[PDB]
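Below: the structure, in structure tokens.
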Amino acid sequence: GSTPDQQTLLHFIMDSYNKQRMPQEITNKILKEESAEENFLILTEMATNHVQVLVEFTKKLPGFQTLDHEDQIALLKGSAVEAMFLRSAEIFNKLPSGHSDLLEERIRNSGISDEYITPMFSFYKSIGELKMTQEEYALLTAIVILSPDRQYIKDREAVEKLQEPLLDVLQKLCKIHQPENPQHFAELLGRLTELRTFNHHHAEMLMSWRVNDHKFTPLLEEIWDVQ
Amino acid sequence: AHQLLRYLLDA
Ligand SMILES: CC(C)c1onc(C[S@@H](O)c2c(Cl)cccc2Cl)c1COc1ccc(/C=C/c2cccc(C(=O)O)c2)c(Cl)c1
């Protein structure tokens with residue numbers, strides 16, 4: 001059973017999570033537009049848009065705004081790519097504005113390595129197989145965003161105090177909405193680490209793209225520190 | 001450094 005002081009948290013987070021959707025104008029390009037250059041450019045347009053979503057979400061995460069201004073940036077930079085993996089996963093696993101088939105085909109043909117694309121979809125399947133709830137997507141995202149063990153975090157203790165309550169709620173739901181299998185809570189947290197493997201790759205990939213004269217936006221150059 | 005994320009965090 002969930003407490004009323006926990007109950008306020010979940011509603012707040014689910015409310016924050018639902019309070020931002022991706023513009024049709026951007027997602028319409030998955031349908032309408034033509035090339036490997038185009039497919040890449042579209043993905044870039046959604047990456048940029050999702051950084052803003054993430055920021056607006058993160059601001060509404062309870063207790064975030066009190067954190068050290070220099071820690072707040074570190075938490076966003078270190079978590080961006082991961083949150084984007086989850087959002088895509090949610091879309092492909094659940095969507096009307098997703099266009100699963102088209103979008104997948106565009107991703108596949110963007111001049112991006114299979115070394116990276118192959119595991120990406122292996123991940124999407126597996127996280128879809130978990131038959132994950134919109135609460136479980138929304139809470140895991142916050143948890144990821146507020147991961148204390150990011151690089152360049154000054155005051156790691158202060159993050160843990162914000163993260164742990166969100167884990168404690170999640171463990172409650174894994175027993176409530178998933179009583180048969182108790183390992184369900186630990187299946188969710190296995191992702192947190194698999195999602196971390198994709199960070200490591202992403203920096204290597206990012207270089208690959210840069211040297212191929214790939215152009216990115218001022219917000220993505222900032223979030224990933226492109227010179 | 002990081003003018004934009006700040007701007008977005010303070011809007
Ligand atoms: C510069 C470009 C190529 C890039 O650089 N890094 C990444 C993130 S990675 O993990 C990735 C790749 Cl390389 C390809 C496809 C997906 C992802 Cl996550 C990306 C692409 O990032 C994306 C791509 C697609 C998406 C799709 C998002 C989406 C879809 C439907 C609906 C909604 C909604 O909010 O309503 C959101 C995102 Cl968020 C991020």
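Residue names in the structure tokens use chain letters A, B, ... in the order shown, residue numbers from 1 in each chain, and ligand numbers from 1 in the order shown.
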
Open item on the list: Neighbouring residues of ligand 1 are defined here as those with any atom at most 6 Å from a ligand atom, counting only C-alpha atoms and all ligand atoms; list them as a list in words.
Closed with: residues 21, 22, 40, 43, 44, 46, 47, 50, 81, 84, 85, 87, 88, 91, 97, 98 and 107 of chain A

Restricted to N, CA and C atoms, what would the selected residues look like written as a PDB file, in the first residue's frame?
```pdb
ATOM      1  N   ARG A  21       4.027  16.999 -24.868  1.00  0.00           N
ATOM      2  CA  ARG A  21       4.040  16.114 -26.031  1.00  0.00           C
ATOM      3  C   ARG A  21       4.907  16.719 -27.141  1.00  0.00           C
ATOM      4  N   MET A  22       5.313  15.875 -28.088  1.00  0.00           N
ATOM      5  CA  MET A  22       6.121  16.312 -29.227  1.00  0.00           C
ATOM      6  C   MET A  22       5.233  16.940 -30.303  1.00  0.00           C
ATOM      7  N   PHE A  40      18.573  11.427 -40.842  1.00  0.00           N
ATOM      8  CA  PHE A  40      19.428  11.918 -39.765  1.00  0.00           C
ATOM      9  C   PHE A  40      18.969  13.274 -39.254  1.00  0.00           C
ATOM     10  N   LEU A  43      15.859  13.069 -37.011  1.00  0.00           N
ATOM     11  CA  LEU A  43      16.228  12.582 -35.677  1.00  0.00           C
ATOM     12  C   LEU A  43      16.866  13.693 -34.835  1.00  0.00           C
ATOM     13  N   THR A  44      17.738  14.481 -35.458  1.00  0.00           N
ATOM     14  CA  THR A  44      18.320  15.647 -34.805  1.00  0.00           C
ATOM     15  C   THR A  44      17.247  16.642 -34.337  1.00  0.00           C
ATOM     16  N   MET A  46      14.245  16.002 -33.404  1.00  0.00           N
ATOM     17  CA  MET A  46      13.509  15.419 -32.288  1.00  0.00           C
ATOM     18  C   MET A  46      14.373  15.371 -31.030  1.00  0.00           C
ATOM     19  N   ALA A  47      15.658  15.092 -31.221  1.00  0.00           N
ATOM     20  CA  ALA A  47      16.646  15.185 -30.156  1.00  0.00           C
ATOM     21  C   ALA A  47      16.634  16.568 -29.535  1.00  0.00           C
ATOM     22  N   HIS A  50      13.378  17.116 -27.609  1.00  0.00           N
ATOM     23  CA  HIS A  50      13.317  16.322 -26.370  1.00  0.00           C
ATOM     24  C   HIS A  50      14.189  16.856 -25.233  1.00  0.00           C
ATOM     25  N   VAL A  81      20.810  11.615 -23.164  1.00  0.00           N
ATOM     26  CA  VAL A  81      20.786  10.463 -24.085  1.00  0.00           C
ATOM     27  C   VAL A  81      19.949   9.304 -23.563  1.00  0.00           C
ATOM     28  N   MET A  84      16.238   9.948 -23.702  1.00  0.00           N
ATOM     29  CA  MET A  84      15.822   9.872 -25.098  1.00  0.00           C
ATOM     30  C   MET A  84      15.641   8.434 -25.546  1.00  0.00           C
ATOM     31  N   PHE A  85      16.484   7.530 -25.043  1.00  0.00           N
ATOM     32  CA  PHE A  85      16.335   6.089 -25.315  1.00  0.00           C
ATOM     33  C   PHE A  85      15.045   5.553 -24.745  1.00  0.00           C
ATOM     34  N   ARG A  87      12.242   7.369 -23.952  1.00  0.00           N
ATOM     35  CA  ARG A  87      11.080   7.965 -24.600  1.00  0.00           C
ATOM     36  C   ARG A  87      10.791   7.266 -25.912  1.00  0.00           C
ATOM     37  N   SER A  88      11.820   7.085 -26.729  1.00  0.00           N
ATOM     38  CA  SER A  88      11.665   6.322 -27.958  1.00  0.00           C
ATOM     39  C   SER A  88      11.096   4.939 -27.629  1.00  0.00           C
ATOM     40  N   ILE A  91       7.496   4.959 -26.991  1.00  0.00           N
ATOM     41  CA  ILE A  91       6.755   5.203 -28.226  1.00  0.00           C
ATOM     42  C   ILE A  91       6.673   3.934 -29.089  1.00  0.00           C
ATOM     43  N   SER A  97       1.465   9.170 -32.764  1.00  0.00           N
ATOM     44  CA  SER A  97       2.487  10.111 -33.262  1.00  0.00           C
ATOM     45  C   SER A  97       3.895   9.485 -33.387  1.00  0.00           C
ATOM     46  N   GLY A  98       3.995   8.172 -33.177  1.00  0.00           N
ATOM     47  CA  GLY A  98       5.264   7.456 -33.302  1.00  0.00           C
ATOM     48  C   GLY A  98       5.588   7.077 -34.739  1.00  0.00           C
ATOM     49  N   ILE A 107      15.357   5.563 -38.950  1.00  0.00           N
ATOM     50  CA  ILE A 107      16.471   5.327 -38.041  1.00  0.00           C
ATOM     51  C   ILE A 107      17.494   4.378 -38.665  1.00  0.00           C
TER      52      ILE A 107
END
```

Residues near residue 54 in chain A, cut-off 12 Å, only C-alpha atoms, skip fewer than 5 positions along chain, as a PDB file with N, CA and C atoms, in the first residue's frame:
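Output file selection21.pdb follows:
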```pdb
ATOM      1  N   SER A  16       3.416  15.847 -14.445  1.00  0.00           N
ATOM      2  CA  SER A  16       4.545  16.489 -15.130  1.00  0.00           C
ATOM      3  C   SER A  16       4.917  15.749 -16.415  1.00  0.00           C
ATOM      4  N   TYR A  17       4.954  14.421 -16.340  1.00  0.00           N
ATOM      5  CA  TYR A  17       5.303  13.583 -17.487  1.00  0.00           C
ATOM      6  C   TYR A  17       4.326  13.788 -18.652  1.00  0.00           C
ATOM      7  N   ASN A  18       3.028  13.812 -18.342  1.00  0.00           N
ATOM      8  CA  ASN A  18       1.973  14.001 -19.350  1.00  0.00           C
ATOM      9  C   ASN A  18       1.838  15.440 -19.850  1.00  0.00           C
ATOM     10  N   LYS A  19       2.436  16.397 -19.139  1.00  0.00           N
ATOM     11  CA  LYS A  19       2.291  17.820 -19.468  1.00  0.00           C
ATOM     12  C   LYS A  19       3.187  18.305 -20.628  1.00  0.00           C
ATOM     13  N   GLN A  20       3.699  17.382 -21.446  1.00  0.00           N
ATOM     14  CA  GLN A  20       4.510  17.749 -22.610  1.00  0.00           C
ATOM     15  C   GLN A  20       4.506  16.649 -23.673  1.00  0.00           C
ATOM     16  N   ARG A  21       4.027  16.999 -24.868  1.00  0.00           N
ATOM     17  CA  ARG A  21       4.040  16.114 -26.031  1.00  0.00           C
ATOM     18  C   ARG A  21       4.907  16.719 -27.141  1.00  0.00           C
ATOM     19  N   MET A  22       5.313  15.875 -28.088  1.00  0.00           N
ATOM     20  CA  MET A  22       6.121  16.312 -29.227  1.00  0.00           C
ATOM     21  C   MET A  22       5.233  16.940 -30.303  1.00  0.00           C
ATOM     22  N   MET A  46      14.245  16.002 -33.404  1.00  0.00           N
ATOM     23  CA  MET A  46      13.509  15.419 -32.288  1.00  0.00           C
ATOM     24  C   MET A  46      14.373  15.371 -31.030  1.00  0.00           C
ATOM     25  N   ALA A  47      15.658  15.092 -31.221  1.00  0.00           N
ATOM     26  CA  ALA A  47      16.646  15.185 -30.156  1.00  0.00           C
ATOM     27  C   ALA A  47      16.634  16.568 -29.535  1.00  0.00           C
ATOM     28  N   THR A  48      16.686  17.599 -30.365  1.00  0.00           N
ATOM     29  CA  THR A  48      16.646  18.968 -29.864  1.00  0.00           C
ATOM     30  C   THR A  48      15.348  19.223 -29.108  1.00  0.00           C
ATOM     31  N   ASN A  49      14.218  18.811 -29.678  1.00  0.00           N
ATOM     32  CA  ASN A  49      12.941  19.048 -29.026  1.00  0.00           C
ATOM     33  C   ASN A  49      12.868  18.348 -27.678  1.00  0.00           C
ATOM     34  N   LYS A  59      12.664  20.396 -14.151  1.00  0.00           N
ATOM     35  CA  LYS A  59      12.319  21.524 -13.293  1.00  0.00           C
ATOM     36  C   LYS A  59      11.181  21.132 -12.338  1.00  0.00           C
ATOM     37  N   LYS A  60      10.195  20.399 -12.855  1.00  0.00           N
ATOM     38  CA  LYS A  60       9.039  19.977 -12.053  1.00  0.00           C
ATOM     39  C   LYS A  60       9.331  18.779 -11.142  1.00  0.00           C
ATOM     40  N   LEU A  61      10.438  18.070 -11.371  1.00  0.00           N
ATOM     41  CA  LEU A  61      10.881  17.046 -10.419  1.00  0.00           C
ATOM     42  C   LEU A  61      11.093  17.705  -9.049  1.00  0.00           C
ATOM     43  N   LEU A  75      23.514  16.889 -14.108  1.00  0.00           N
ATOM     44  CA  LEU A  75      22.458  15.880 -14.091  1.00  0.00           C
ATOM     45  C   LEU A  75      21.724  15.797 -15.414  1.00  0.00           C
ATOM     46  N   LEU A  76      21.606  16.940 -16.091  1.00  0.00           N
ATOM     47  CA  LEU A  76      20.951  17.019 -17.391  1.00  0.00           C
ATOM     48  C   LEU A  76      21.857  16.503 -18.488  1.00  0.00           C
ATOM     49  N   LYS A  77      23.117  16.905 -18.471  1.00  0.00           N
ATOM     50  CA  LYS A  77      24.060  16.458 -19.487  1.00  0.00           C
ATOM     51  C   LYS A  77      24.289  14.952 -19.442  1.00  0.00           C
ATOM     52  N   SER A  79      22.366  12.606 -18.294  1.00  0.00           N
ATOM     53  CA  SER A  79      21.143  11.800 -18.435  1.00  0.00           C
ATOM     54  C   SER A  79      20.369  11.965 -19.745  1.00  0.00           C
ATOM     55  N   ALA A  80      20.590  13.061 -20.466  1.00  0.00           N
ATOM     56  CA  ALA A  80      19.859  13.349 -21.707  1.00  0.00           C
ATOM     57  C   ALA A  80      19.700  12.133 -22.634  1.00  0.00           C
ATOM     58  N   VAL A  81      20.810  11.615 -23.164  1.00  0.00           N
ATOM     59  CA  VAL A  81      20.786  10.463 -24.085  1.00  0.00           C
ATOM     60  C   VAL A  81      19.949   9.304 -23.563  1.00  0.00           C
ATOM     61  N   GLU A  82      20.074   9.013 -22.272  1.00  0.00           N
ATOM     62  CA  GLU A  82      19.331   7.911 -21.660  1.00  0.00           C
ATOM     63  C   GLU A  82      17.829   8.163 -21.656  1.00  0.00           C
ATOM     64  N   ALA A  83      17.419   9.354 -21.247  1.00  0.00           N
ATOM     65  CA  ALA A  83      16.003   9.702 -21.280  1.00  0.00           C
ATOM     66  C   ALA A  83      15.424   9.612 -22.705  1.00  0.00           C
ATOM     67  N   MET A  84      16.238   9.948 -23.702  1.00  0.00           N
ATOM     68  CA  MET A  84      15.822   9.872 -25.098  1.00  0.00           C
ATOM     69  C   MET A  84      15.641   8.434 -25.546  1.00  0.00           C
ATOM     70  N   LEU A  86      14.676   6.035 -23.563  1.00  0.00           N
ATOM     71  CA  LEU A  86      13.469   5.575 -22.892  1.00  0.00           C
ATOM     72  C   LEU A  86      12.228   6.092 -23.578  1.00  0.00           C
ATOM     73  N   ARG A  87      12.242   7.369 -23.952  1.00  0.00           N
ATOM     74  CA  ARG A  87      11.080   7.965 -24.600  1.00  0.00           C
ATOM     75  C   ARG A  87      10.791   7.266 -25.912  1.00  0.00           C
ATOM     76  N   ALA A 138       7.571   6.606 -16.561  1.00  0.00           N
ATOM     77  CA  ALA A 138       7.673   7.961 -16.039  1.00  0.00           C
ATOM     78  C   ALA A 138       8.530   8.063 -14.779  1.00  0.00           C
ATOM     79  N   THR A 141      12.361   7.317 -15.670  1.00  0.00           N
ATOM     80  CA  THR A 141      12.954   8.485 -16.299  1.00  0.00           C
ATOM     81  C   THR A 141      13.484   9.449 -15.242  1.00  0.00           C
ATOM     82  N   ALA A 142      12.638   9.781 -14.277  1.00  0.00           N
ATOM     83  CA  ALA A 142      13.028  10.678 -13.201  1.00  0.00           C
ATOM     84  C   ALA A 142      14.220  10.110 -12.451  1.00  0.00           C
ATOM     85  N   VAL A 144      16.473   8.011 -13.499  1.00  0.00           N
ATOM     86  CA  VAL A 144      17.622   8.201 -14.381  1.00  0.00           C
ATOM     87  C   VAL A 144      18.127   9.642 -14.342  1.00  0.00           C
ATOM     88  N   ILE A 145      17.227  10.596 -14.550  1.00  0.00           N
ATOM     89  CA  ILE A 145      17.618  12.000 -14.540  1.00  0.00           C
ATOM     90  C   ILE A 145      18.373  12.286 -13.251  1.00  0.00           C
ATOM     91  N   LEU A 146      17.778  11.891 -12.125  1.00  0.00           N
ATOM     92  CA  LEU A 146      18.348  12.126 -10.795  1.00  0.00           C
ATOM     93  C   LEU A 146      19.230  10.965 -10.348  1.00  0.00           C
ATOM     94  N   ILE A 223      24.422  20.266 -24.594  1.00  0.00           N
ATOM     95  CA  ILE A 223      24.078  19.111 -23.759  1.00  0.00           C
ATOM     96  C   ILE A 223      25.142  18.006 -23.855  1.00  0.00           C
TER      97      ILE A 223
ATOM     98  N   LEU B   5      20.947  26.036 -21.444  1.00  0.00           N
ATOM     99  CA  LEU B   5      20.294  25.212 -20.427  1.00  0.00           C
ATOM    100  C   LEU B   5      19.892  26.058 -19.222  1.00  0.00           C
ATOM    101  N   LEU B   8      16.852  28.021 -20.276  1.00  0.00           N
ATOM    102  CA  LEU B   8      15.710  27.108 -20.250  1.00  0.00           C
ATOM    103  C   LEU B   8      15.269  26.714 -18.837  1.00  0.00           C
ATOM    104  N   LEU B   9      16.218  26.683 -17.901  1.00  0.00           N
ATOM    105  CA  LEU B   9      15.925  26.361 -16.502  1.00  0.00           C
ATOM    106  C   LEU B   9      15.317  27.540 -15.756  1.00  0.00           C
TER     107      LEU B   9
END
```

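Here CA of residue 155 in chain A and CA of residue 3 in chain B stand 21.8 Å from one another.
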
- [ ] Compute the set of chain A residues within 12 Å of chain B, using only C-alpha atoms, and express it as number ranges by chain.
- [x] A: 48, 51-60, 64-65, 69-77, 80, 217-227

Task: d(CA of residue 125 in chain A, CA of residue 96 in chain A) in Å - done: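 CA of residue 96 in chain A lies at a distance of 18.5 Å from CA of residue 125 in chain A.
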